[PDB]
Every structure is written in structure tokens, then in C-alpha cells.
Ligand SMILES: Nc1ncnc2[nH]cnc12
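Given as C-alpha cells, the chain that follows is alone and in the form solved without ligand ADE.
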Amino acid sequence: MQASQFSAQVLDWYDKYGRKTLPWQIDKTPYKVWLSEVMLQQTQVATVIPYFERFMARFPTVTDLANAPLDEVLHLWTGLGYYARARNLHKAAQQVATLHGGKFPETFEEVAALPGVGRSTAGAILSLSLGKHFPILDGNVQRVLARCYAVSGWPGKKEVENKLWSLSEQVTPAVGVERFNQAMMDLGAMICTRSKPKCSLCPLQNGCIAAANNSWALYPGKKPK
């Protein structure tokens, strides 16, 4: 389907059915969006919310986080697993305090230079908190695009990764970028699931190639054996 129809149908779906009341979606800032993205990378939303609230109460600003002892950050992280994320979280807070005056940087290159922040997380921070015109590509988003446009191939091959980034740029609009990027995460998390997707609930069902052929299991490709 035409990219302008993809974006319009996802935005109309988000308006009526999307998630808008998570704590990191209200009175949004770059700091709140970065902290939530790091916690969500390897942990489900229901488990993250109490940790997000405890971190914002103890560390109201990125300078408070930077000046705290690392052992206190690791103690508050206990139960989230994947603690390389917490070691990098503290180093990134120290980089913002030291290079950027305690104010989150607003250019793609300076955000992506932070430890623990790659290409997709950088675009998420700048689009969701300030409305800058960048697309995202985490596992949820990649599954929706690979099924709708029939992208086989393992995304761990560079040519396949590059095709998925170009597709994401093509369907992501500038007007409503914050709504669109959250809506793509909601679709992959709750509707276009790994097993047995809920196509009847999906706003792309009228143009999706996997839905038309009942072939969702082929997309994205798996690692070769």
C-alpha cells in the first residue's frame, strides 16, 4: 500500500485505540523518554511502571542521576535484569552533565553518542519528546513492516536491515510523528504479535501482503541454520 495511506490509517487507529496515558507520555521530556526506552528494551510495560516511578521520585533530573553513587543506581535497578543497561544509563547521565550542561542534547549525533543509545533509541527520544522527524526500528516495529511489505530475509544481514530502515523512513510522517511512532510500537506489542497475529483488529489489514496470503510466519526471516 501507498505510504501516505499507511500513515493516515495508523494515525486514525491511534486516535481511537492507542495508549496515551503511560507515565512517560505525560508532561514528556527528553530525560523521561530516554529513561523509559532503556527500561523497556528488555522488560514488559507492567513490570517497568513501578520502577519508572521510583527512579523519577529519587532522581528528578539527569544531574541528580549523574551525581549519585553507581551502587545506589544498581540497587534501585534490582529485578529489571540485563544490568549492562544500568551501567550504561549512569555513564550516559554523566556525559549529559559533563558535555551538555545538564540539559539533554537535541541533535541526532549527540544523542546517539551516548552509551547504551543506538540509532533507533536516538530517533525515539528526539521524535517522541520534541517532535523531530526521525523513524524507529525495534523488534515490534520491524515485524509490522516486514509483514505488511513482505520482507523476507534475516534482519541480521545488513542489506535486509537497510531495506527495513528505508521502509520505516518512507511510511513515517513529519506531521504527527510522536503519535505515529508510539502507534507502531502499540501495534507490534498488542496486535501484530509473534504468534497468531490479531489481523482483524489491525488498521493495515486491507493492504498487508502477509494477511492476504496467510503468510505472517515468513516475515521477518529467521536466522539460517
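The first residue of the sequence shown is number 1, and the count goes up from there.
Just so you know, the form solved in complex with ligand ADE exists too; it's not on screen, but the next bit is about it.
Legend entry - Blocked or open, judged by overlaying ligand ADE from its pose in the deposited complex and testing 2.4 Å from backbone or C-beta atoms: Result: open.
Legend entry - Heavy atom within 4.5 Å of ligand ADE in the deposited complex - the one residue of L164, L65, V171, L40 that qualifies: Exactly one residue meets the criterion: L40.
Legend entry - Partner-proximal stretch of 65-73, 50-58, 152-160, 184-192 relative to ligand ADE in the deposited complex, 4.5 angstroms, heavy atom: Stretch 184-192 is the one.
Inset, instruction - Examine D138 and determine whether its closest non-hydrogen atom to ligand ADE in the deposited complex is within 4.5 angstroms. - result: Taking the distances in the deposited complex, the answer for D138 is yes, it comes within 4.5 Å of ligand ADE.
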